Amino acid sequence: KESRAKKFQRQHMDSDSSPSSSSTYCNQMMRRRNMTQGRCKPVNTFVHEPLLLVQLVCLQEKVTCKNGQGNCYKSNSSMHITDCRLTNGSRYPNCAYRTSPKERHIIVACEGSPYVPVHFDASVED
């Protein structure tokens with residue numbers, strides 16, 4: 001019953017942080033956003049840009065999704081993001097993550113009315 005739009009916000013939007021590399025940000029955020037409940041989600045990307053800018057990506061360059069579907073969109077601009085990757089030693093319920101801040105274009109799937117992001121598909125260096 002949680003909307004995909006809301007799920008996408010929960011899993012992928014963190015507008016106001018600027019994590020440091022190999023800091024504790026992913027450990028915190030992966031737990032806070034409920035992605036270590038019952039398992040440690042292996043990899044996840046947070047976007048540090050106003051929700052609006054991510055939402056407007058739905059009107060930008062239309063591209064193919066990783067699954068061949070055609071409702072994917074690539075940001076006109078690079079965006080601050082952070083990649084959270086589970087460490088090798090990690091065993092649920094201890095879920096420890098590497099935090100990797102970077103700047104990349106993002107690609108999202110959009111659906112619905114309003115036409116908004118429902119899936120974070122990829123990021124690319126371009």
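Here, residue 1 is the first one in the sequence, and each next residue gets the next number.
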Is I107 isolated, or which residues cluster with it under the ILVMFWY side-chain rule of less than 4.5 Å, directly or via members?
-> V63, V124

Give a yes or no on whether the ring-centroid distance for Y25 and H48 is below 6.0 angstrom.
-> yes

Taking all atoms of both residues into account, what is the closest heavy-atom pair of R39 and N34, and its distance?
-> NH2-O, 3.6 Å

Could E2 and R10 be called an ion pair, given the rule that one side-chain N must be under 4.0 Å from one carboxylate O?
-> yes

Tightest non-hydrogen contact, residues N71 and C65, listed as OD1-SG, 3.7 Å

Is there a donor-acceptor pair closer than 3.5 Å between any side-chain N or O of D121 and the backbone N or O of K66?
-> yes

Same cluster for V54 and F46 if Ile/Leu/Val/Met/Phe/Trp/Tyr side chains link at under 4.5 Å?
-> no

Are any side-chain N or O atoms of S75 and backbone N or O atoms of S78, one a donor and one an acceptor, separated by less than 3.5 Å?
-> no

Determine, using ring centers only, whether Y73 and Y115 are less than 6.0 Å apart.
-> yes

Hey, could you give me the CZ/SG distance between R91 and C40, rounded to the nearest 0.5 Å?
-> 10.0 Å

Pairs where residues 19-35 contributes a residue and the test salt bridge (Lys or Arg N to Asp or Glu O under 4.0 Å) is met, not counting sequence neighbours = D14-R33

Side chains of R4 and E111: does their closest heavy-atom pair fall under 4.5 Å?
-> yes

Heavy-atom pair of closest approach, residues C26 and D83 | SG-O, 4.0 Å

